[PDB]
Every structure is written in C-alpha cells, then in structure tokens.
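Here are the chains, one letter per residue:
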Number of protein chains: 4
Amino acid sequence: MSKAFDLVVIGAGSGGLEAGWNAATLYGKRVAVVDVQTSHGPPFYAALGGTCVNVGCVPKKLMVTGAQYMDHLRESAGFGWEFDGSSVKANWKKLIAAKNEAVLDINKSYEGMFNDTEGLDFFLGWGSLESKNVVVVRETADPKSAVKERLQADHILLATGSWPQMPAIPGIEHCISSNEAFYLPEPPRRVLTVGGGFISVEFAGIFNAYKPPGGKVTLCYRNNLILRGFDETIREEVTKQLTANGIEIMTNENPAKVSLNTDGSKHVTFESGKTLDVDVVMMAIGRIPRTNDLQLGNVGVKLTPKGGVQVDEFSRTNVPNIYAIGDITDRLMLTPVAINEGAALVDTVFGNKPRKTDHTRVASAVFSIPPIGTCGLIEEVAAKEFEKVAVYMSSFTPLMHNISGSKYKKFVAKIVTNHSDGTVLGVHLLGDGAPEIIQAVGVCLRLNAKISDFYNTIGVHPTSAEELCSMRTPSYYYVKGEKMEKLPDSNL
Amino acid sequence: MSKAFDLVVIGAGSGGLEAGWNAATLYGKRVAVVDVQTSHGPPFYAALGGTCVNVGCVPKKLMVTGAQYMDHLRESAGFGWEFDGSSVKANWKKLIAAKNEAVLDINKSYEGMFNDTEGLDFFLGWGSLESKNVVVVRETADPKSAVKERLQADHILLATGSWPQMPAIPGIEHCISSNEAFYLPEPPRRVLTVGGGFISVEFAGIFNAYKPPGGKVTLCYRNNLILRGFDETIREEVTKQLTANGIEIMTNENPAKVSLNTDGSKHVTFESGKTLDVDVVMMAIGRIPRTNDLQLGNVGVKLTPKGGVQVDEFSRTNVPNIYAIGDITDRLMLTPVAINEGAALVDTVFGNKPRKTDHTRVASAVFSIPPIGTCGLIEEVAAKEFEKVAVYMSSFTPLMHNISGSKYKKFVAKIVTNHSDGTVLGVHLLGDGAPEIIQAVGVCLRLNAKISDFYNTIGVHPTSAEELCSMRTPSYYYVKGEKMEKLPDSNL
Amino acid sequence: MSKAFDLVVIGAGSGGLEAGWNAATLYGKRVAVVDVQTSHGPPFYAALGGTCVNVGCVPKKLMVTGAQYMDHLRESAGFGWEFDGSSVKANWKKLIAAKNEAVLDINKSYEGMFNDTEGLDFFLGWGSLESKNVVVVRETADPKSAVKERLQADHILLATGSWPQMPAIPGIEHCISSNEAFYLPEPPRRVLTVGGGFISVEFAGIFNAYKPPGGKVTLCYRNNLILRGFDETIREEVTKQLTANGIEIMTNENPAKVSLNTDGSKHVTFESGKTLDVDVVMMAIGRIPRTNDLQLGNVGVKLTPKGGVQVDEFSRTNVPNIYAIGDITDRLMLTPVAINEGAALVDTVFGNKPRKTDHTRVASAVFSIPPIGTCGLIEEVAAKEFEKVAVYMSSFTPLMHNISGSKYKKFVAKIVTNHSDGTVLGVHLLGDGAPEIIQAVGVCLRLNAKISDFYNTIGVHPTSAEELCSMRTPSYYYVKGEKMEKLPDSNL
Amino acid sequence: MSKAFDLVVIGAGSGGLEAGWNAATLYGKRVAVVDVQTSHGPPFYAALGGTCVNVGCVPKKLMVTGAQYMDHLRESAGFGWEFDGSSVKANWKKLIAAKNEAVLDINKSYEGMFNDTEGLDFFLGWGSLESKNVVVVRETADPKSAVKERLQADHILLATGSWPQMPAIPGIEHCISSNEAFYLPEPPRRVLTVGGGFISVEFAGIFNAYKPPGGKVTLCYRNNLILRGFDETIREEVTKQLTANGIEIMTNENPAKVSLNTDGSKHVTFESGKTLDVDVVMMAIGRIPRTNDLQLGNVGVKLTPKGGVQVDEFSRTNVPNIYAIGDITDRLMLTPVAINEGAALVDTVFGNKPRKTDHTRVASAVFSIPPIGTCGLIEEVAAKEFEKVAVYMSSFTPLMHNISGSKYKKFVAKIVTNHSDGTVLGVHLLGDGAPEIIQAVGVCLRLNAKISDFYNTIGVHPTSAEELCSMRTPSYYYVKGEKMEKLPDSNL
Ligand SMILES: Cc1cc2nc3c(=O)[nH]c(=O)nc-3n(C[C@H](O)[C@H](O)[C@H](O)COP(=O)(O)OP(=O)(O)OC[C@H]3O[C@@H](n4cnc5c(N)ncnc54)[C@H](O)[C@@H]3O)c2cc1C
C-alpha cells in the first residue's frame, strides 16, 4: 500500500538533508531519513542536521567569533579605548549557552521541516544495512538491539559522515575529541590539543581566549610543520602568529600515555620522555569515515584502502542501488561539497539530467586566529604535474596593525599559475578577510582566470584583497620540479 | 643640460606618483614631481602622497576602524565577555595622534624613495604652467610669489586632484570640511555633517563613536535619500542602520546660515526654517577639480563644461604633450582609478603598447558601519540599457548578530543581470566584509561572469560571501524598464 | 515499543489457531497469525480456518450427508414410503450454496475472534521465513513480491498444512484436486477420481449421488486393493459395497496422459492402453507437506526423507525457536491431532508444564458410503511386532437391511489383541455408526482395555455397536507372523 | 431314561434361550425349553425368541426406522434434493408386512437350531411347576387343560418375562397395549398413548409418522414430566422435540373411562375432566412379571413385595434348584440383562467358576426421534451418594440440522462426576447416534474411567461423539446434595 521509499537516507547531515529535500519537493518521491538524535549534544553529539550544524561549522564559527574578542578588546587601546583591564571576564558558560540555543534553533527548524512535507519522513534510531534493498533501524548502534523500523528501499544513500580518529595508547579514555569540547562545563585552564589539522588549530585559539587566568594552551604535532596540506609559507607564518598570541606550538612530539592525577587533571607522557600536565587533552589527529555501525558486509559494499566507501564520478557503489556522499567517501570533507554531491546525486537519478560535482578548484577556509583562505593547488603540488610554475608572493603587515599593537599579524597572499598560459592554479591567503575574500576567487578559477585578469583589475582601496591585483611579477619559479628565483634563459 | 626632463608631474598624489615611479624605474626616464608639502597637515593638508595618504582613504580607514570598537565592545557581551560597562570611554586625542604617526610614516617612506631612485627628483613648491614646455615652481599658490625653479619638460602631467566644495552661505567661516576634521582638538559633542555622500556618512560614524557623553551626531542631506547613485535598497538599509546606532538623518534639508553663540557653538538655520545648535558643522557636499592655481589659461588647456580638465581616453588634453589624470579630470574620484590612469599613461607614452583605463565595472567601497561593497551597474541603470533585467536578492540578519544584539545589522546582497544571457551587470553588498568580498567580484565582471558561474560554484562554509553562490532564481525582473515580480508570458 | 511477538504463526489452520488462542487468552502472550485469505474459495481455496474448515472436514461431511440421501430415498420404499420416482432431482448447485454459507459462517466467527482479543492479530498475506527470528509477509507466494509486513518474532510456529500431490503426466493442468471439487459449477456427469486414499473414496460417493442422469463415477488405483493402510477385510468389503452402489472400481490402473475433446471433456489414456472419457478428473493420490513457499533454506530448517519437516516429541526443529505441527510434519494428517499438538506446544513453552501429544491409538473415520471407523493397529502390523496376536471377527448384515433393499450393506467388526494379556491393540468397524462408535473406543485403548473388558460389558440392544461385546472367541491367530486358524498346541 | 433332563426352561425368551443354548452347547447337557408358540403374533404374541424378538426390541426398531423416513424426506430439501412434496405418503400395511417377514425369519432360524443341536429340545405348550423336580406342559394356560408332557428336571429355570399392565377403568375393553399395536390393520388417525415410559414415547413417534392426513398423536402421562428416571434435561428436551414434530403431550392427566361412539371411535374422559376423541387408545403404563400361570404356589416359590420372583445375586429362588431371570424378577427389564443373567446362571451351575451379573452401570437406550443413549447414574442420584458431584454439560443444534431445517433437534451430552476423584458416574446423550455412542461408554465405566481420560483422548473429527472429549470444566456442581453453579471456597 505504502510501498517502499523512492529513497532512504542514513544520516541526516549536510549531504543527507540536501538529497531528501531535493526529491520530496523537487520530484515528489517518497523519502525516509534515519538519524540517531533530534537535538544536539551528548551522548551522540551529532544529530539531526549533521556534524556541520551540531558539532562543526556553525558552533565553531560562533565560538571563534567570541574568541576574536580577546584580540579586539586588547587592540582597541591603540585607538583610544579604555576600560577596567582587570575586570574583564571571559565567561565560557555564557558562550556555550548562547551557542547551544543557536544550534537548537536549527535543530527545531529541521524538526519542523519534516512535519509539513509529504514524502519526507524522519525515523529516529540507528541505520544498519540488511539486504541490498532494506535498511535496519535499531534503538542503539548494537547490531543485536531491538528493532523499531525496517525501511523497504528502492534507492539507498549512505551519508553517515565521519568520526574522530583516536590513537591506541593507554589512557585514551581520559581524552576527548572535537565532539566533547563543545560541551565542557567550564573552560579548561590548561589544554593540550593533539595533531596539526585545522581542527586542532581552530580550537587552540578558542581555548586560548576563554581560558581562565594562569592558563596555557599547548598544541603538539608528531611531525615538523603544522597544517600539512596548506601552502608552505602560510604554515610557518600561522605557527609564528599562534606563538605570538600565547599558544605553545610543540612540534615533533606525540603522546604515548596519559594518566589521572589526584585532582582529576590528566598527566601526559610523550614518546620523547617529556611530561606535561593539563586539564583537558583533545585529540584532533584526523577524521575517519564512519562505517562500522552500518554492517556494510551484509551486502558486500566495497571500501577503499582508507576505511572510506568507494564511489565513482556519480557517487555510486558496487551494489547497484547504493550510493554514498559526504565525509563517508573519504574525499574533500567539506559541507558545501556534500551538499553539492547530494543535490547532484538526485537530479541524475530522479531527474535524468546527470550532472556530477567538480572536486577541483574548491574554496575552503580555516577560521583560526589569524584565519586562512585557500583555493586550488599549492606550489609544490603544481610542480609535480606542470611544466613551468610561477609563484606570486606578497607579505605586508596590514594597514591597521601599526596602531593596534599587533605588529606580528603579517598578512600573506600567494598566487600559483601555470607559467605557460598564466592560468591561476591556486590562491592562498593568510590574514583577516581571507575566508570572505577567497569565496569570490573560487568563481574566477571556475572561469579559468589567468593572472593578467587579476592585476589588470582596478583595486578596492584600502583593502587587503587589493593585494591580489597588485602582484604583477613572480617571486620565483618551479620549472620541472626545481625551485630557482630567476628563470634560466634557456628555452625549448 | 640641467632642468630638462622627460616628465614633470604637478602633484605627488596617487596618480602622479604612480606615473613618475613607473616612468623612472620601468623606463629609465628623468622625472620630476612637484607638491606643496612633504608631510600631512595644515596649512595645505594634502602633501607628498596625495589626498588619499594624508587626508583621505588611509586616515579615515584607521578612524573608522577605531569607531568600529564602539560596536565590538557592546556586541562582545553576547559572547560571554563581561566588564564594567560604565568605565568605557573613547580618547579622541589618542586616535588622532596614532593616526598622525601612521600617515607620517608613509610620508617618510615616499621621501627617500626619491633620495634613492636616480632620475626621480622632488621639488617642494607650487607648480603652474608657464609655457607649453616649461613648468614654474613658485613659493606660494600666488602668481606674484617668488620663482624657485623653472623645469623644462618634454611632457607635463597635471595631477593636482580635487578640493572640498564649500557653499557660499553666511557663516561659512564657522564651518569646516573633511580636511580640518582630521585634526580637531577634541571630538564634537553635537556635530552636523552636511551632504548625502560617502564622506558625510563615513564621518558621521566616527563622530558618533567618539562623541562625549550626551552628544548627538546629525547628518542632513538636501534631497530625500542619502548615497545617490548607490543601489536603492542599500541606500535605505544604511539609513536604517545609521539611525539604529544614534545618528539622526535630516533629509530634504540644507543649511541656510550659521551664526556664533555666546559660548562659541554654532546656530544653524536651514532653508525649511528649522534650527539646530551644534559644536561643529562639517561640509561634505562634494569636491571640485583643483584647477585653480595651475594657470591653465597661459597655455589654453580646455576645461570640461562640468569644470574638470578635458581629456580623451588616453588622458591627452587639447594641448599637445600635456596630460591630466585623477580627480582633476572629474570622472571617477577613486585612488586606484588615478593610479591605473597613471600607470597606463606611462605605458602608452614611454612604451610600445597603448593602454587605456577601463572606467566601467570598477569595484568601490564605502566604509560606513556596516560597510558597503559594490561593483557595476545598479537596477535603475541596467533597466535603461538592457532588454530584460533580472535581480537576484538576499537579505537577512546574520546569526552572529542575533547573538551580539545588533539585530538591525541586516546583510544585503543584490545581483543585477541581463536576463537575455545571464551576464552579471553589477553586485551590491551591505554588511561586515562587504569591501573585501567585492574585490574579487571585480575580477569576475572583467571576465563577464554569468549568474550561473556563481551558483554553480561551491561555497565556503560558513561566510557572508556564500549568499552570492546561492541566489538561483530572480527575486524580480525589469522588462523594458518597468519593474515586475515575474516575467511576461512563456516565450522560447 | 510494540516489540516482537511472543509467537508468530504461519498458516491459520486447525493447529495454527489452537496455538495462538492458547497463548493470547491463556498466557497473555503477543501473538500474530498469517494466512493468505479470510474467506473460503478460490484462488487459494484454503483460508482462515485451515483445510478442515474450508476444504476438508466440515464441507465434506455436509456433502456426504447430502449424498447419503440418495440411499435414504431409495430405502424408504421398503418401509412403505412412496413418492414420484422420476421427479427426484439432486440439485448440486443448491448443495454447494448451503455448504458455502456454512463455511463462510465459520470464516466470519474466526474473523471476529481476532478483532476482540488483544495480543491476537491477523495478518493477510504469504508468510516466508527470513532470518531465524523474522517472518516475511508478501502479497503473493512469489519471493519477489511486494512486502506488507515484517513480523519480529521470539517464537515461530510452522503450520502451513499440506497440499494435494499432482503427478507429472502430460495434460495434468486439465485435472483438479480435492480443492477445486468443492467449487464445481455443476455436478459432473462422468467423473474419474484417481488414487486409493480416503479422499478418493469419500468424493466418489458424493459425485455418485449428485451426478446427473446417465453418469458413471469411475475410481482407479495403481495397485491391487484400495484404501491401503486400513484393515484388510474392511478394504475388500468397502470395494464390494462401492461397486453395489454403482461406482466402477478400476484397480491396477494409472493415468498416463489426458487431453481435451471438442466439447471440453477430458480424454484419459492409461498406462495399459485403455481409454476413458470423463467430464472431471480428480487427483487424490496423496497429500504432501506444504513447504516450498516458506523459504526454509534461508534459516536451514531440516526436512525428513519425505518432503516433511522434521521434529521430535515436542514439535521442535533444529533452529532453536522454530516449531512445526499439523500436516507439515508428514505424520498423522488429522485435525484433532494438530489441535492436540498445537495446544501441547504452547503450555510446554509458555506454561512450563511440558506435555506432549500421543500419536498412537488414535481414532479416525472415513465418511464413505458405507463409513469406516478405526483405532489402533491392524492385524498384519501387530504381527510384525507382537508375539501372539488374536483377531476377533464378525460380519452380520445389519438388522434393517433385509427390508431396506440393500442386502449388500454388510456390517463388519474386527478386534485385534495381544493374545498374551488380551490387551486390545486395534478395533476396525465398517458400516453406518462406525465413526460415532469408534470415538468412545479410543478412550478404552487409552485405558489399556483387555478383550475381557469388552465381552463382559452388557450390550445396548438393538445396535450394531453391541457386536463388539458379542465376540468371545478368536477367529484366527497371528503367531510370530504366521496366520493359522487353530492355535497349535505347542507352548513355550 | 426318557424325559429326564439337566435343565428345563419355561420361556424360550431372551434369558431362557441363552441359558439353554449355553447349557447344551458349552457343557453338553440335556436341555428342554418350553414356550407357547413357535412364531410371532396372536393369540399369544410372544413366542419362540421371547418378547424382544416377536413384540419388542426387534420389531419396534424396524418401525422406528421406518418413521425416521418422515424426517429424512423433509430434511433432504436442505441438501438440494427436490421432488413433489404432495406425493409423499406412508403405507402402514407395507410396514407391518415387512416387519412380519423379518420377525418370522428369526422365528424360523431359532427353530432348526433345536432340530440340529442334540441335547436341546423344544416343547410347544404351557409350562408350570407340578413339584420341586417336575415341569408339566399343558395344552393351555388353564390348569384344567390336557397334559402334553411331564419333564423330569434336576434344575428348573423360570424365564416367562412380563406382560402389559392394563388399568381397570371402564371401557378398558376398548383399549389395546403394545402387543396389539404391532398388528393394527391401519394406522390410527387420532391415537392416544398412555404412559410416560419409553414404550409410550417410542410408539408416539411411529404413529406420528404414519398417521393419515389430518391425524393427531396424543401422549398423556399422569405426572408432570415424561421419562421418569432419565436425566432431567434430556426428559425436557425430548418433550420439546416431540412437541416440535406434531405430538401433543398431555401431562398431569390420566384416563378415567372410555366409551364407544356411533362411528366406532373412542371417547376418553380423564380424571381432571377433559375429554378427547381418538381412534385408538394404547396403554403403556408399565409391565408386570408373568407369574400368573406358573403355579408357583404348588412349590412355594416366594414372590417379591413388588410382585416379581424373589432371587439372590445368583438367580436362586427360595426353593432349591429353581432359578429365575429376566423380566420375571422385576429388576432391569432389558434383553442383554436377561441374556447376561442366563449366561452367568449356566456358568455358575454347570461350570467351575461362579459368575453374577453386575446390575449397575448398564447402558440402555430409547429409540425416540431423536433417540436417547444413557449409562450410569443421573445427577439427582449421584448427589444422594457422593460428597462433591460435578456435572459436565454440552448442548447445541448440530450444523447438519441448521441446514436440514430441523433446528429443534438439539444435541445433549451430560456427564456426571464425583469431584472427589473424577470418576465418571454416568453419561446421558440425546440426538442422532446416541444409542451407538453409548455402547463403548459402557466399557469405559466398567473400567472406572475418569473425566480426564475422556478430554485427554484425541477425538474423531467431525462427529457428535467429540463432545464427550471436549467438556473440561464442570458446568455446575452438586455439593452435599445441593445444586450450585460453582464450588465452595479454596480447599486444598
Ligand atoms: C570541528 C569541525 C569543524 C568543521 N568545520 C567545517 C567548516 O568550517 N566548513 C566545512 O565545509 N566543513 C567543516 N567541517 C566538516 C563538515 O562538518 C562535514 O564535512 C560535513 O558534515 C559532511 O557532511 P555529511 O552529511 O557527509 O556528514 P554529517 O553531516 O556529519 O552526517 C552524519 C550524520 O549521520 C548520523 N549517523 C551516523 N551514523 C549513523 C547511523 N549508523 N545511523 C543513523 N545515523 C547515523 C550522524 O549522527 C550525523 O547526524 C567541520 C567538521 C568538524 C568536525
């Protein structure tokens, strides 16, 4: 009578929701959506709305913003502003509440989105894969828990997202991930964030601003330079500026074991013998695709070398009617990229207008203090797949920071082109504005903009973004992998 | 031998310097630049560096930045920041002193650029035309004053910029302009900025931030809406947000006379009849090309019916070998335009490649609070030029401001389109980050981007700039010049 | 919330219903019941109530009763009754309607039994076995049909009953089983029933009485003597009396192929070359257990050599929580035996008072004309497992049939005892009353009654049943398998 | 030498013959049997074979059978049998002639049994006692008639049965008894059977079947309920079903006188005063032991205060070597009792094993329409004998009669129990098959079966007898003689 579902979706995250909406309202298809909670917070943290809405994008931005105010208050003095210095109090409990209320606002809107949209229904519980055309809902992630629904399905979309990767050292239970940090009752006086990823950096600034008096935020990384994957010079600069803002950046170090002290504080011993005491140890060493609770072996879905789900240029798997998008693919773990993959999966199946999502020249940010904006390739990657590479550099200390009292906040801007046709292959910004600036840059790369298009454009003065139009000559080259300043006069 | 150059520049301003520097460093020419001061301030205000550096873009940006801190301190309470609210106060003298140091530093650097660059020489004095090939440098703007130098010139470049226009009302002696506002001894308690332009608006925000307790900024404009020539919706939102911060906006009002009070304050009387008592009256009704002291009549350089120096698309005047750029041409009065006008003038005259400054689709800004970023045409003009016009629109109060408490700060992002092909004709933003976002939006219009190129781009989550890649259907249309919520019938 | 079912039952037959009732009302267990129809008749014939209620016990008795009236009318003449002989009409269409209304009466009562008994719910559809704890309901018997329910189950009872066995000869589609005979639009003029089982015999009498004028009921059997399994002398007698009543009993014959004539009648060719034309060919060559539509391979349920389901003395299978009762076990295909097995399965599981059903010394009947009553062993089976066997025989022509005009209706009565202790091992009756007589006899065997208990009881005169008390001396013996009249005087 | 035997039997009836046959064939004794006729009918009615064969069990059974055909022809319409209803009629002469042939055949066989069995001799005449060891056979029942034989006897067995009791009312000359009813020339149109016993009831059904058009059977009984000594509920159901067939039942009525009408019919006048005109008046108020013509006073054989011959449990009279059995002892007046009484008498006297007839728990019947089968005690008596008494009951209209149209024919099946152990004390059935069902029920009571032994037995589907194995809980109880719907309190 009620049949199956033209589509069932496991995980109502960024990608999950964009696929079920574009199907119930765009194609009148029957759609079901299974997620393990309706509201943010423990025990599962991620809930209806995805990691982005509950324990990612939205709440992180709000908290970084609040953390920027530490710098604002300090810098206002250069501009003549005075107020009781010792009376300032960073109320963490007040910040988390404001955040929680914002997140729950989104939790409810989606909560109502389902209650007035026929063909779109929400099922609370854990979704495991039974047959190649049946999804199993259970009260818990345990494959042997009570069943509450069995959703007959024509198409099945896997959008369970990703999960924080934890190492195998003794005492790892005394550690937290990005998940639990959003819900600390009090701001930790001493915090150690492990790893060099954008998550460890972004939370280091947040903890650094809301820490009570006498606090030290220590960030450790097992290799030499943090923020592996981002442009080189931006890496070393951000390291310098994090140090300036009081954060101890402790490189070439890896925790080896953690214990509890007589007062509940964590005692951390490293692989190099050095010990450090902290109130909170946060693991941000990577995110793995979330596939264990899915029982993907019951149908024989294939996984890549990394624990991720394998797919093609259309998000299809080996099983004929099973698709996967979002962070479960182990590709570009970004929210707009999962919304693009999800919107693209639908109108290629339920709309016979096949259009796949492009995974290259994608804009991303890193709301650190200072923030980062990137798009396209970095110079050392362009080298390994391009004849002649040109690099445009420029690192002025911004206009206002001679007065502000923050001389260290050097703004950086790099452009990477194929020197053959001057086409821009990358754009890498460090400094306030980088995130908002790069967005419009992503449209340029989608338009195959050559460097001439940039410096021939009239600037908006006075801005930092105008520095992208002020670079007319390369600072060095990358020809057949080698890096030399002057470009040797020896053609062909 | 001596005193025989390739180029003489009257005015070490934006356009002038760029012209001379390029001429001397890029083409090894003997260049001479004349200006009335080497450092900012009275009695001549403008100086080495131009109006922008000494009494324009640079200084106001710093002062706006300082006025933004009134909002920051207040908005921080929403993010858990506590401190004695009653202890906040702005020191107007510390703002000015800090601004003087910054501007002075640029003055110091530009000098020494002359000392270290051969073929580039500076001459302190007042420049004027004596013949078709001779610039005279006198000790004052008066023709009767002593001659300092006579410079032989194969080419003369007029680059003296513009000057504040002051209406000839009785009591005008008791008023100031933008020039002197940069140097007030104390912040005015009651102030009246006159004019609906960007100068009056921007300054209204600065005075509103630093006014002592019980102050009141008052802006008046003789017409019904401020910021003529900007997108209307933005014009009206900036009016609302200004009123939301404390600024009173007196429209359809124009001062008729000013008189002194016993205490020494001012007594303004408008045309309509009303009266206001204020401590300062700042005039910002416009700026006129600075042709006054150049003796253009000795050579016959023809002026425009609007009052600027008449020039073709290559900056050539009616007199051979004499050129004009910048505010003196009375076109687009923006620094990057003059700079680009100068760099192009040099390439054309001393190179083997003609270059002319494209004057359309120039991205400019307005540093109100919040700021404005724009680029291209606005609705009205597009409807006069194209067959079918589409308007993509998006307006909301960002989440970060529902928490800060500044709920009036509604973001705005219009997009004007030619619906006959989709090419973007203009972009108009309002809110935090608008000036930075718009910069790369100028590269896209130079590339003739289409509305699809924007929504087909993957966005950066979460940012204000996303809103540009998210408007897919027109909010309304403009067919044959008439506005309508939807199109005609079927077509195709 | 609603969990699983303390018990789900596939097939709502004689056994199915007795198990779900004794559980919902006796033990407050949650119970589900899956059957493929609510009302009798095509296309599935058997429906809610089982084979017994729809196409077995109840409707067969009603039709045999109606068929007995052919003999009644004939025999009344001996007692002085007269009426128009040629005006008698056996209206088959009127009989089937009266039957259908009786069956549907039962169909509805059960239909209401479910609607006012919490914990007892009826599910329409086909039940297939998914996991070892899930039953699959489908719109049809096709394993690839749409699903309407998936019943989570704690215990699973298999009670699908049995199905008519059809041979593999060309033209078998032109044949019918016991199922379709209950719904013939008209009574067949010429009918051939295949097989020697009680079903072929019972329907031969029914067709024989309601056949239109000029009809011949031919019963064929592939071996020598019909009614294999019943006592020997009763077999040969019933053959004789069926012949007397006009039925052609054609032994040592088996159909080899069947075709259609120009008029729709079936043309039957035998393995011996002889041909016969009939309007209806009814196959009653055996009943097989009904397991194909159950997908028993999905869980690995074990089957006996015969296609039946294997079980122990408690109706349990290899799969821990899967039980089977009724005709699906391939044991004693009787309705009271499935009601006993079903009532016994429950209060051994949901009542921890384990009591199994006894499969020996069970009373059964054969409502032929004349009818048969049996209970216990037959003489030739007692031989193969008993030292000394005694047989008591007695074959009087009943009181009333010297007048009736039916001298052939010889009533028979055999008793079989273990000659050691005289315990009665069997009792075999032929003649009207046999079914009602034997029932009370079954209680005697449950009481280990010796033969002395029988002939020492005072008879009810005049009856046929009194002949069981009138046999005081054996007619022959079976000692160590051999059959001799006198019992050789040579003991030990 | 001659006329000197081992046993002389007065009365070749049921008990007599069984006695002599066993004596002569089982023990090789010289036996002589005396009776007044060799064939049934007037003037003596009873004859060789006893009352049962000639004017009792045998003939009525045939006549009841013939009366059952009135119901069969009518009930057959429900099963699709059609025929001219108005053409049915019963030929009372053909019934009698056919019954005469059947009875005569038994008469013929019993004779020739004498002709072929040595030591067994028959003597036609009237037997009476002349001395303790001499039986005289005279030509008529009168002592003054001629002596035919004088038989010397070591043992004399009185077995002359009983005789109809006729009340001494005026007009009794115009009435008949059961004897003459077996020989009426024509069926009475109006008839009045007198008595509430089984004879009056059974005959009422026969006359009701064969009455000519516009007839009316009328049964009267001087008390309030017919069939005293039978189970009450059955008594009242048989009354209802009799009234349902056409018989009028006049209770609390007793005829006071009969007189002749002009036409030759009868004019009955009851005690209460009412009057009825009928064609025949049949008396069946009881039967008295036939001691009239035996000359018991010549020897001193003592009679019972109730009028029968006094005998101990071994059939011995006060006079040595003289024995009595059957109706003449005035105990249970049933054929199998006398037979069993005879067979036991012979075993005791001419064997080496004493045997006495158990007179309790004897299963008898009553061939009304529908019939009655019973065995053991009824409610009332059990309550006088046992502590706690349980009554299992079941009453319904079988399905076959909801179709036949005879909806009054409600089956009944009581079961009386001693609730102190469960042993079955009695069984009472009403409806088709009751006489046959009850026979084996007599074997069970001899085995002291318990109520559990019945419901724990597997039934025969579908039959009336099932109802016995289906009553599990008492319908009501009888504690200390008082009736109550449930027991006392708790106990155990
Ligand atoms: C701290 C942090 C900051 C980030 N910041 C940014 C940022 O600034 N910009 C950006 O673009 N991206 C950011 N990301 C990444 C972004 O949140 C993810 O890439 C995005 O959520 C991917 O979408 P998705 O639907 O595939 O995953 P998700 O949105 O996480 O979807 C997973 C959902 O499925 C549910 N689920 C999982 N398993 C099951 C199951 N078995 N049954 C039922 N439901 C299940 C989960 O509870 C969850 O609700 C950030 C991530 C983190 C952790």
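Residues numbered from 1 in each chain as written, not as in the entry; some residues may be left out. Chains lettered and ligands numbered in written order. Heavy atoms only, no water.

In the PDB header, X-ray crystallography is given as the technique by which the entry was determined, and 2.797 Å as its resolution.

Under the PDB entry, chain A has the name Trypanothione reductase and belongs to Trypanosoma brucei brucei TREU927. Word for word, the UniProt comment on chain A under Catalytic activity (unreviewed entry) is "trypanothione + NADP(+) = trypanothione disulfide + NADPH + H(+)". Taken verbatim from the UniProt record of chain A, the Function (unreviewed entry) comment is "Trypanothione is the parasite analog of glutathione; this enzyme is the equivalent of glutathione reductase." (UniProt positions renumbered as here; feature names shortened; annotations may be inferred.)

With that out of the way, let us pick up the UniProt feature "active site" (unreviewed entry) in chain A. In the UniProt entry, the feature "active site" (unreviewed entry) is given for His461(A). Here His461(A) is to be found in the loop between α12 (451-455) and β25 (476-479). Given the relative accessible area of 29%, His461(A) is considered partly exposed. If near-sequence neighbours (up to four positions away) are discounted, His461(A) is found in contact with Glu466(A), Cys52(B), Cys57(B), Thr335(B) and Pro336(B). (Helix = DSSP H or I, 4+ residues; strand = E, 2+ residues; numbered from the N terminus. Buried < 20%, exposed > 50% of the residue type's maximum accessible area, 1.4 Å probe, protein only. Contact = heavy atoms within 4.5 Å.)

Summarising burial for strand β17 (residues 266-270) of chain B: four of the five residues are buried, a large majority. From the end of strand β16 (residues 255-260) of chain B to the start of β17(B), which pair antiparallel, there are five residues, and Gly264(B) there has a positive phi angle of about 110°. (Pairing = 2+ DSSP bridges.)

This part takes up the side chain of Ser177(C). If you trace the backbone, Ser177(C) turns up in the loop between β10 (162-164) and α5 (178-181). When residues no more than four places from it in sequence are discounted, the contact partners of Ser177(C) are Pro164(C), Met282(C) and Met283(C).

Counting across every chain of the model gives 58 salt bridges over all chains. Between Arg361(A) and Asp358(A) there is a salt bridge whose closest N-O contact spans 2.8 Å. The closest approach of N and O atoms between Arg74(C) and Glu75(C), which form a salt bridge, is 3.6 Å. Since its relative accessible area comes to 34%, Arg74(C) is described here as partly exposed. Look at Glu75(C) and you get buried, because its relative accessible area is 3%. Taken together, the salt bridges that share partners define one network made up of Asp71(A), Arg74(A), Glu75(A) and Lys409(A). (Salt bridge = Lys/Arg side-chain N within 4 Å of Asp/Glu carboxyl O.)

Let's shift gears to the domain arrangement of chain A. Residues and elements named next belong to chain A. For chain A, the assigned domains read domain 1 (1-164 + 286-360), domain 2 (165-285) and domain 3 (361-472). Computed from C-alpha coordinates alone, the two centres of domain 1 and domain 2 are separated by 27 Å. Carbon and sulfur atoms make up 65% of the area that domain 1 and domain 2 hide from each other, which totals about 2,300 Å². Residues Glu202 and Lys60 are paired through a salt bridge, measuring 2.9 Å at the closest nitrogen-oxygen approach. Here domain 1 is connected to domain 2 by seven residue pairs in polar contact. For the side of domain 1 that touches domain 2, the secondary structure elements donating two or more residues are α2 (50-55), α3 (57-75), α4 (92-115), β10 (162-164) and β18 (287-289). (Domains from an automatic or database assignment. Buried area = accessible area lost by both parts, 1.4 Å probe. Polar contact = N/O pair within 3.5 Å; in protein donor to acceptor, adjacent residues only side chain to side chain.)

Residue and element names in this part refer to chain C. On the secondary structure map, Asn133 appears in the loop between β6 (126-129) and β7 (134-138). Judged by relative accessible area, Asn133 falls into the buried class, the value being 15%. Looking at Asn133, its side chain comes within polar contact range of the side chain of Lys132, at 2.4 Å. Other than its neighbours up to four places away in sequence, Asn133 contacts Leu151, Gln152, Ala153, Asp154, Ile156 and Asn321.

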